[PDB]
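Here's the structure, in structure tokens; my notes come after.
Read the figures in this text as sums done on the coordinates, not as results from a lab.
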């Protein structure tokens with residue numbers, strides 16, 4: 001998967017960071033899977049309704065890392081240290 005591989009639901013992932021509560025939102029913003037969530041950003045997330053820095057950071061920060069692994073750059077990524 002070069003573009004983006006899907007496996008779980010916006011809920012499963014979000015749940016990891018205890019943000020699944022916003023899941024419903026993603027589905028409304030046109031995001032029902034991760035394949036698209038990985039290609040999302042503050043611009044997209046914000047639209048979902050999640051603006052609270054306390055949360056926005058989780059979702060976004062949780063995605064930026066979810067995709068960062070798909071393709072590293074100048075170093076390792078998937079590696080769990």
Using only C-alpha positions, report the orientation-averaged shadow area of the convex hull of the chain, nm², one decimal.
-> 5.6
Counting alpha carbon pairs within less than 8 Å and at least 6 residues apart, what relative contact order, in whole percent, applies to the chain?
-> 27
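Note the full-extension length gain between residue 3 and residue 76 as 0.36 nm times their separation in residues minus their Cα-Cα distance, in nm to one decimal. Display every interim value, and only then the final one.
Numbers: separation 73, 0.36 × 73 = 26.28 nm, distance 1.91 nm.
So the chain would gain 24.4 nm between residue 3 and residue 76.
Multiplying the sequence separation of residue 62 and residue 47 by 0.36 nm and subtracting their Cα-Cα distance, what value in nm do you get? Show your work: numbers first, answer last.
Numbers: separation 15, 0.36 × 15 = 5.40 nm, distance 1.70 nm.
Residue separation times 0.36 nm, minus the Cα-Cα distance, leaves 3.7 nm.
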Relative to the first principal axis of the alpha-carbon coordinates of the chain, what is the inclination of helix 53-70, with its axis defined by its Cα atoms, in degrees from 0 to 90 and to the nearest 10?
-> 30
Over what distance in Å are the Cα centres of region 53-81 and region 21-37 separated?
-> 18
